[PDB]
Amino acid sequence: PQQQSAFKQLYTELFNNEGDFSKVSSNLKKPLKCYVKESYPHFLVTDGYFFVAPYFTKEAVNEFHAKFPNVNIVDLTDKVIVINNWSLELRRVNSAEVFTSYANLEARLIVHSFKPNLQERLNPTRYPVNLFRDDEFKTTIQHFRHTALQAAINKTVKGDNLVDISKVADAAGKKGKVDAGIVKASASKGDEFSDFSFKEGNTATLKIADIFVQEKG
């Protein structure tokens, strides 16, 4: 029924629309009011159910450091922030190194403008969990991959190259190598499947460490 988590609904719609942020519901592109769980070494914000890592543009931080002097970003822990201008992009990453992702795929929350509300901002919430560790969301990403995999295989595999029945019907004096059953899923370059149709968004972003040096050498 109704999805309580704003992030879960947002990210799920992004994946169900092939990473196209223009296809996601417009009634969801409103300002995001979220609590800051962590600020360093990882900046993580919650929506009352899950936590995601926001990616600030160099413009977003400069605009911040101007309208809100001395109020450091790497110290916003346990305080709320309001993201007025943001966008969502899909990126190919190494999940073994990025915990805010899954299956080498990540949905990024690009932040263009955000304001802090230190006004004793509260909200009794359940313990926030990594959206990319959620059962349903992981499944959504698996659906996404399965769809891309199936489309690539049905385009790559053709001619019905069936194993000759004789090779397995008279296997008394016949020996074979199991790797003969391996079939390429697509026209790739390496050992990883990468035949996706969504255009990987770019957009430059700041490393959480640079914003720490910019405020405290």
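In this text, rigid core is short for the largest set of C-alphas that superpose within 1.5 Å between two forms. Quick note: we count residues from 1 along the sequence shown, nothing fancier.
Superposing each structure in 8 other deposited structures of this protein on the rigid core shows that the farther-lying of 134-142 and 111-119, by root-mean-square Cα distance, is 111-119. Core-fitted comparison in 8 other deposited structures of this protein shows that, between 71-79 and 120-128, the CA atoms farther from the shown form belong to 120-128. The stretch 123-131 shows the higher mean C-alpha B-factor when 141-149 is compared against 123-131 in the entry. Stretches 40-48 and 185-193 differ in mean CA B factor, with 185-193 having the higher one. The top Cα temperature factor in the record, among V168, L162, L28, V157, falls on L28. Among all modelled residues in its chain, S87 ranks in the middle third by Cα B-factor. When the modelled residues of the chain are ordered by C-alpha B-factor, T12 sits in the lowest third. Sort the modelled residues of the chain by CA B factor and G176 lands in the lowest third. For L109, the recorded CA temperature factor ranks within the middle third of the chain's modelled residues. Per the PDB record, residue ranking by Cα B-factor puts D75 in the highest third of the chain.
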